[PDB]
Amino acid sequence: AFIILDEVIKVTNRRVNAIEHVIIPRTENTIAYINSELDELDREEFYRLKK
Amino acid sequence: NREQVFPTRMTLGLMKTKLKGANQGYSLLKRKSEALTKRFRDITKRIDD
Amino acid sequence: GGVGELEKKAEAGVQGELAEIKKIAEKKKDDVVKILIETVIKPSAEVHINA
Amino acid sequence: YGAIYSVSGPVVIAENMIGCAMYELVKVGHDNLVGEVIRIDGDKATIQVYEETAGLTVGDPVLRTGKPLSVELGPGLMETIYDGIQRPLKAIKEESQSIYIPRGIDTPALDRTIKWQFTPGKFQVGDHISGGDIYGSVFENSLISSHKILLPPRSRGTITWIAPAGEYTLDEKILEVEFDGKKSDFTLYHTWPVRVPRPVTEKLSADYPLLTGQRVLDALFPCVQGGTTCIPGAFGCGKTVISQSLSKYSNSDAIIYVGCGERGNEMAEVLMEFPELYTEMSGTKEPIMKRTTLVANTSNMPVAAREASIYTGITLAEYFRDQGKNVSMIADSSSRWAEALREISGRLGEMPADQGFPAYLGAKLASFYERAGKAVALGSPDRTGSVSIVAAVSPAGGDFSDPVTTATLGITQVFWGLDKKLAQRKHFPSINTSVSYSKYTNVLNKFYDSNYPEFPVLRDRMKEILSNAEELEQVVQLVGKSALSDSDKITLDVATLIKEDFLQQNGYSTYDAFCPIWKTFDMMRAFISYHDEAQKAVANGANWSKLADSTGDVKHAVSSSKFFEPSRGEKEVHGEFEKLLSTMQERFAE
Amino acid sequence: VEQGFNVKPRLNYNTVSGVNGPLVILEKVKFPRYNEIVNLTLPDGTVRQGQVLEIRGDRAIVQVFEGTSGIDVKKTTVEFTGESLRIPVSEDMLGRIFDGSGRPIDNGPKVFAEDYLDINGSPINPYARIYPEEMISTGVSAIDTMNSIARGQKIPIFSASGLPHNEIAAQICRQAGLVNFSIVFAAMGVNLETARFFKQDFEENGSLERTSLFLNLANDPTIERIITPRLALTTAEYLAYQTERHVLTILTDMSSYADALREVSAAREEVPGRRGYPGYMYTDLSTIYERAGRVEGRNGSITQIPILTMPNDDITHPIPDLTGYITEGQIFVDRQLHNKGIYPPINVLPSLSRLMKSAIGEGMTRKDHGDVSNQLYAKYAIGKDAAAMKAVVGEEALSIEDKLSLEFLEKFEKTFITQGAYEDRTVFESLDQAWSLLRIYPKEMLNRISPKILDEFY
């Protein structure tokens, strides 16, 4: 039971660190980039409508 | 540093949902790790005894 | 029975208000008619302010 | 007087406006609606009416005031409550007898019915007078006495007549100045373009600190008199506590508060709280409203008023600085000011730059914050004053996504970082010392070496202790608590004591309502001495549990440092700290 | 009111320069006033009301309601009423159902005017504004206990497209009261079925005796949808300030109102803003909301429940963002709760009343209100966390304080939040129910409750 629990704790902490340091930062950066691109498209539409 | 996803209004919502799901999974997995680690110290003490 | 009795009681309360309305209208009809006619017959012969 | 030509929303075009200036206030319509002129095309001038433009016909007269958006500077500013346009809310309520503000209400921004005592200055008839020269004094209040009457900064010439000492109103003449002909006559007040900063002879470097009275803000992240700070300003964080502290306990001899678009119920809160304030002075207890001007400005107000609220406030602060007084200008909801600016930019049709904000938001914020700072005032005598700007950055507190938040954090030098989590955790004044910073410690090193030499060293020591405490807390979360060494345990215990006693200040409490700079320095020295003694005992090899058991008395004594009331003050409380510091060594040695 | 006894002849203009979409362009207008109500007479004989969107040299851009279909340049008479839109306010508005433009759609006569009030009103003097003190009790136990609404605050209800926000608003209208009173209801762009639901519910349950309902159908004119909040808030301002009664204005579908704002803004040449809504939507919403609040000299209050709708359930949307900015709280209606079947499906965790401390006091409501609300919120969050962790670490491995918290979560969602649409839970009754919920915990487990309150009430 000790050995199995050690393996499960190791994989769980590996997944936790992997999420918090890759998945969350990559997803947040993707959110920021998508929002920036949408803002750029909105600005282009605004400029076209202003013309 | 970021996923190569084509920007879209629907894609932004999908990625926000993915971020929320990742945060939820991270919190639940940290809780699971903490509980399993408490059981782990209990098991180590039992092993020594 | 109660709904009909309630309706009759409400009509009794409305009857007093309706009677008071009729009395006050009959009392002040001459006055309000005089004011309305006096306002209608004389117009304010004035040009617009901005003109 | 011109005539209306076209009205389509708030924008109004007025034909027959030859001689009109850009950004000039005009009286639009028969109700005398005030509006600025945005652009001119020959005779026609484009006007943004500040109030509601409904009911404006064609041909309505459009008077030309001849001046840009101006500020009424003179006696009678202090206790009054204004808006962005600087219309007296109290006087408007008294005049109209209604809870609303009627369209085109023209109550003067300074009370013309009040007789003001006047004492002429050193300038006599025939003596040259220039801009900013104090040619008289006015007794206005108890906190602010001798309201120094200044010649307008642009005005110049030779005195011909000066008003003898007596009681005067703002309407009647005071000074007559001749410049190639008697083209100038001056009353107790004068007007200044709100967008144009008031000139000074020289803008010094801000060196003296702004003692807010709070231990955290006065020790860990200090501000300089004339420095620009930044506060998250989100609800449920203690921004109200910070505002009250700056209002009543600060070094500033005057306070200018601007709402620039905060909610109504909030404006009611501030307008009902500040009159209830009382700042203890040498004479007796007198209201903090005697030295604070409220620019109350709600969301219902005109967007132009909301955008000009902070500019009116900073112009008032610059005026009071020009008298040699140190002014603190608490800017609540700078983000709502930026939202008003964005609304005006969208109305004008200008292209957005970042998150819809105009292309000049950063430039406007930079100019506004640069309008602050210590500066020797224009004209003789050589008095010196300072304006410090405290700006609630955003309801979106400290969010780098907001361009206004990013610009405010980039321009301001002090960020005091309130934390909603600490506010929920009953931490007061809820300052998150991990994210809060100050860039004025380098310039304050001179004042500290002049007055309290060890202050920078002890402040850096506590910052290091707090960082090590964060590291130790992370370590104790990752692994067992007992795994930490004796030094780590001592650091954690000392930091916990610091947070519980030094950082945590009970503003409502009478003893720690206003911690003076000397008391904060003494407490900081005592805490650092206790930490050093514990570290030395650990280095000696003594068990930390036994050391804590023996030094619980010293821990209680140093925790009592907060409970020492600064009412005695100066050596009376300083001498007690010497015994407390001595007791922290003899007991530790044994 | 003596100035009312005047006769002002009106200029009938047969000069129509052109028609462009919803706008009718006139020529040779003598002296047009901005925002002037105008009666267009179609060639078919139908009379149509209009408001001028723009003015120029002897040219007025009248934006007629109900569209420009059938407008003919040759023979469309246009009558100028030399006055902006006004409502004939009276104490008899209570008990009437009005259209989007103020015309009474009820089977009753025109309201006897006591005064003709400008619908736009004037900003309330901030010096004349007073902080909210007491509570307006709502029959909704969730709101009245956990998000108590102070007298004079503005707390919107944030709901999605299909959630029962209209039903919750009708319940608030039917059950609202002081812990006089005169609710003002404004339905904006609601479906016709929703409008008859409102009318029938109020008439049947007798809530009409103190409400001035303003119904604006989804197919009603967009400009009338714009005007409706102005009419409702002008009626509320009258009642509260010139009659000294607490109002609790309940606007509905502020998203529909913002869509109407978009349509009116694009009627002019105005370029759309962030998501099509104009850049001055912040100003418009600020006026509509801050028309409420308590004042100093008058013994009356106005409270607002905008009952806003999120388009895609996005708090980041401009309408919810700005409304949050101006307003002072938020009550969330949750799709998850609605799908679980709980009514009202109000989600406590995101919802909060910013002026909770004022409404939850000792003289007002009961002395345990604030502590009970905080304790309920803490235990509800703990219950949600334990429900999330149950499927991760098993039910057995959860602590005792987590099993009890799951039991509390069940008894809270299914008994406290779950409230019948026609049952009135006074604030004291809802507090007693909350205490019955909290009594499953041991007295030591209730950490947020003060010891005195625990001794007195547990």
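Taking each residue in D:334-345, count the Cβ atoms of any other chain within 10 Å of its Cβ, then average. What number comes out?
Values: counts 0, 1, 4, 0, 0, 6, 3, 0, 5, 9, 3, 1.
Mean inter-chain Cβ contacts per residue within 10 Å come to 3.
For the stretch E:131-185, would you read off the P(r) tail past 19 Å as a percentage of all alpha carbon pairs?
26 percent
Run through the DSSP bridge list for chain D and note the antiparallel percent, rounded to the nearest 5.
70 percent
Would you kindly give the portion of the calculated P(r) for the protein assembly as shown that falls above 64 Å, as a percent of all Cα pairs? Present the calculation step by step, with values, prior to reporting the outcome.
Values: 105755 of 718201 pairs.
In whole percent, the long-distance tail amounts to 15.
Report, in whole Å, the centroid distance computed from the Cα atoms of the stretch D:114-184 and the stretch E:5-83.
58 Å
I'd like the antiparallel share, as a percent to the nearest 5, of DSSP beta bridges with both residues in chain E. Before the final figure, lay out each step's value.
Numbers: 39 of 59 bridges.
That works out to approximately 65 percent antiparallel.
Which entries in D:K239/E:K367; B:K45/E:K403; D:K374/D:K579 show an alpha-carbon gap greater than 30 Å?
Beyond 30 Å between Cα atoms: D:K374/D:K579.
Do you know the relative contact order of the stretch D:37-190, to the nearest whole percent, from alpha carbon pairs under 8 angstrom that are 6+ apart?
Once normalised by length, the contact order is 18 percent.
What would the Debye formula give as log10 I(q)/I(0) at q = 0.16, 0.27 Å⁻¹ for the alpha-carbon point model of chain A, no solvent?
-0.63, -0.91
What is the distance in Å between the Cα centres of the stretch A:9-51 and the stretch D:1-33?
What the calculation gives is 48 Å, centre to centre.
Hey, what D do you get for the stretch D:439-590 in µm²/s if you plug the Kirkwood alpha-carbon radius into Stokes-Einstein at 4 °C and 1.567 mPa s? Mind dumping the intermediate values first?
Numbers: Rh = 16.4 Å.
It comes out at roughly 79 µm²/s.
Report the one residue of D:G131, D:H147, D:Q117 whose Cα lies farthest in the direction of the positive end of the charge dipole of the stretch D:114-186 (charges on C-beta: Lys and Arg +1, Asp and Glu -1; origin at the Cα centre).
Selected residue: D:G131.
Give the distance, in whole Å, between the Cα centre of chain B and the Cα centre of the stretch D:201-253.
41 Å
Compute the Rg/Rh shape ratio of chain B: radius of gyration over Kirkwood radius, all on alpha-carbon atoms.
1.38
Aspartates and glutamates near E:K390 by alpha-carbon distance under 19 Å, same-chain residues fewer than 8 away left out - which ones?
The reachable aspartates and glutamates, counting only those whose Cα sits under 19 Å from E:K390, are B:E34, E:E401, E:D402, E:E407, E:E410, E:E413.
Taking only the Cα atoms of the stretch E:345-407, how large is their convex hull per residue, in Å³?
99 Å³
On the first, second and third principal axes, largest extent first, how far apart are the outermost C-alpha atoms of the stretch D:258-302 in Å?
Result, largest extent first: 41, 15, 8 Å.
Among the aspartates and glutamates, select those whose C-alpha is under 20 Å from the C-alpha of D:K122, and discard any that sit fewer than 8 residues away in the same chain.
Once the sequence-local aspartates and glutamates are set aside, what remains near D:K122 is D:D133, D:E140, D:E167, D:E176, D:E178, D:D185, D:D322, D:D382.
One quarter of the convex hull surface, Cα atoms only: what value does that give for chain C in nm²?
Answer in nm², one decimal: 6.8.
So which of D:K421/D:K489; D:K173/D:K325; D:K148/D:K325; B:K38/D:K499; D:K148/D:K173; C:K22/C:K42 end up more than 18 Å apart, counting from Cα to Cα?
D:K421/D:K489; D:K173/D:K325; B:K38/D:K499; C:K22/C:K42
Kindly work out what percent of the DSSP beta bridges joining two residues of the protein assembly as shown are antiparallel, to the nearest 5.
Antiparallel bridges make up about 70 percent of those DSSP assigns within the protein assembly as shown.
Only sites in a loop by DSSP and with at most 15 other Cβ atoms within 10 Å count here; which trypsin sites (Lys or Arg not before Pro) in chain B make the cut?
Numbers: sites: B:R2, B:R9, B:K16, B:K18, B:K20, B:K30, B:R31, B:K32, B:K38, B:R39, B:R41, B:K45, B:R46; in loops: B:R2.
Hits after loop and neighbour filter: B:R2.
Normalising by the residue count of chain D, find the relative contact order in percent from Cα pairs under 8 Å and 6+ residues apart.
Details: 1251 pairs, mean separation 72.2, N = 590.
With pairs under 8 Å counted, the relative contact order is 12 percent.
Suppose a student asked you for the relative contact order of the stretch D:1-69, using Cα pairs under 8 Å spaced at least 6 residues apart; what percent would you report?
41 percent
Which listed residue (D:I18, D:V49, D:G59) has the Cα farthest towards the positive end of the charge dipole for the stretch D:1-69, taking +1 on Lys and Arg C-beta and -1 on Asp and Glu C-beta about the Cα centre?
So the residue furthest toward the plus end is D:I18.
I'd like to know how chain E sits against the 2.2 N^0.38 Å rule of thumb: what's its Cα Rg over that expected value?
1.10
When the Karplus curve 6.51 cos²θ - 1.76 cosθ + 1.60 is applied with θ = phi - 60°, which whole-Hz ³J(HN,Hα) does each residue of the stretch C:30-47 get, with x for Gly and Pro?
Values per residue, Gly and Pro as x: 4, 5, 5, 5, 4, 5, 5, 5, 4, 5, 5, 5, 9, x, 7, 7, 9, 6 Hz.
What area, in nm² and to one decimal, does the C-alpha convex hull of chain D cast on average over all directions?
If you wrap the Cα atoms of chain D in a convex hull and average its projections, you get 29.7 nm².
Tell me, what are the semi-axes, in whole angstrom and largest first, of the equivalent ellipsoid of the stretch D:114-186 as set by the roots of 5 times the Cα gyration tensor eigenvalues?
Rounded to whole Å, the semi-axes are 22, 12, 10.
With viscosity set to 0.890 mPa s at 25 °C, what whole-number translational diffusion coefficient in µm²/s follows for the stretch E:240-328 from Stokes-Einstein and a Kirkwood radius over Cα pairs?
For these conditions, the coefficient is 174 µm²/s.
Under a 5 Å amide H to amide H cut-off, with H placed in plane at 1.01 Å, what residues pair with D:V224 once short-range neighbours are removed?
Those qualifying (amide H under 5 Å, at least 5 residues apart or on another chain) are D:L210.
Give the average, rounded to an integer, of partner chain Cβ atoms located within 10 angstrom of each Cβ in D:346-357.
For peptide D:346-357, the averaged partner shielding equals 4.
About the Cα centre of the stretch D:1-69, how large is the charge dipole given +1 on each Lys and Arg Cβ and -1 on each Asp and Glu Cβ? Please answer in debye to the nearest 20. Before the final figure, lay out each step's value.
On the way: 5 positive and 9 negative charges, 37 e Å.
Charge dipole of the stretch D:1-69: 180 debye, to the nearest 20.
Counting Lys and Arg as +1 and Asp and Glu as -1, each charge on the Cβ, what is the dipole of chain D about the Cα centre in debye, to the nearest 20? Write out the running numbers ahead of the final one.
Numbers: 60 positive and 75 negative charges, 53 e Å.
With only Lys, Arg, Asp and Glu charged at Cβ, the dipole is about 260 debye.
Specify, per residue and in Å³, the volume enclosed by the convex hull of the alpha carbon atoms belonging to the stretch D:1-69.
Working: hull volume 4.5 nm³, N = 69.
Roughly 66 Å³ of hull volume per residue.
No Cβ is skipped: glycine too gets one built from the backbone with ideal geometry, and neighbour counts run over all protein chains shown. No value in this document is a laboratory result; all are computed from the given coordinates.
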